[PDB]
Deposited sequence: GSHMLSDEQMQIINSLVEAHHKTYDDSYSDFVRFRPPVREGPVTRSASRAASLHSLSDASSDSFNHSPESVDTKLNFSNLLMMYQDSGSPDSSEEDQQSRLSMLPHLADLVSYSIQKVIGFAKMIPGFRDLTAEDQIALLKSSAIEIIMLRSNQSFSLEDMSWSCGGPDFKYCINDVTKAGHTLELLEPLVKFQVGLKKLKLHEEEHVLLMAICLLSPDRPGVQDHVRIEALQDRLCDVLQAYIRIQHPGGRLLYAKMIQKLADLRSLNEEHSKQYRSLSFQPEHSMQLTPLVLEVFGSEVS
């Protein structure tokens, strides 16, 4: 059985997701259009910038996050934003088409659509391999959300100052996930282990993106196309 408190964490983490993810992708029309030089760069920056806004809404609703100091919240966020984005992006990734399908044919993002925004297959290849490996796991909603909140609360990120408290927080969430799979997932298996394997991949994808972002952000004709939010989060200050 799960304790009353562990089901409250599950209740409130699932609801936080539903408030911050729109299965209709309707706000995509408010972005700058995509063009198919780095022609896809405006529209993706607007897209990621919007997602950062949603990750911050989700994070404000993880039990315990609201109570860390302001510096710790920012350091966690700056270091894990790109990985949470890769995680929530799994919900729109279709196994067929091998593309992110956000509704219409303009928001179908093949791998060629991403290269026209400054990235190379040295990142896109492991990214897509990550997206099918996650898709084949067939996670429940409650598992997907737990995975996100755990990746956020990792202590081993640059800039944290209260490891003991954020690690205590992360460990309470591992416990809830393990308990969920035991009681509520059939056969049990090593789902928990394949899930924790996926965390170690995001560390490697994080690093690649940050290298390629640095090259883009040094070229003033490309940083000009970013949003203020993107520059604040993926910058070093």
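Judged by missing C-alpha atoms, the gaps in the deposited chain sequence fall at residues 1 to 3, 40 to 99, 301 to 302, listed in sequence order.
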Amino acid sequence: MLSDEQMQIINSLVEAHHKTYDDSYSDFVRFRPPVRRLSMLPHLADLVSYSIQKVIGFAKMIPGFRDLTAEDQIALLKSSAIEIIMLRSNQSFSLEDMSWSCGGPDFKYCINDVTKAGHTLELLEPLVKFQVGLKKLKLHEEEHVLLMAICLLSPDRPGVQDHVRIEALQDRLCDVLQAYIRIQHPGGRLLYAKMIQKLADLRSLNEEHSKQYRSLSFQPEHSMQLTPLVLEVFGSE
From here on, numbers count along this sequence of modelled residues.
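Definition used throughout: the rigid core is the maximal C-alpha set that superposes within 1.5 Å between two forms.
Of 96 to 104 and 75 to 83, the stretch whose C-alpha atoms sit farther from the shown form in 9 other deposited structures of this protein, after fitting on the rigid core, is 96 to 104.
Choosing between 105 to 113 and 142 to 150, the greater Cα displacement from the shown form in 9 other deposited structures of this protein, fitted by the core, goes with 105 to 113.
Mean CA B-factor, 115 to 123 versus 72 to 80: the higher value falls on 115 to 123. Averaged over Cα atoms, the B-factor as recorded in the entry is higher for 17 to 25 than for the other of 223 to 231 and 17 to 25. Highest CA B-factor among the listed residues (54, 43, 30, 182): 182. Sort the modelled residues of the chain by CA B factor and residue 131 lands in the middle third. Residue 88 sits in the lowest third of its chain by CA B factor, as recorded in the PDB entry. Sort the modelled residues of the chain by CA B factor and residue 139 lands in the middle third.
Among all modelled residues in this chain, the alpha-carbon of residue 178 has a temperature factor (C-alpha) in the highest third. Per the PDB record, residue ranking by Cα B-factor puts residue 38 in the highest third of the chain.
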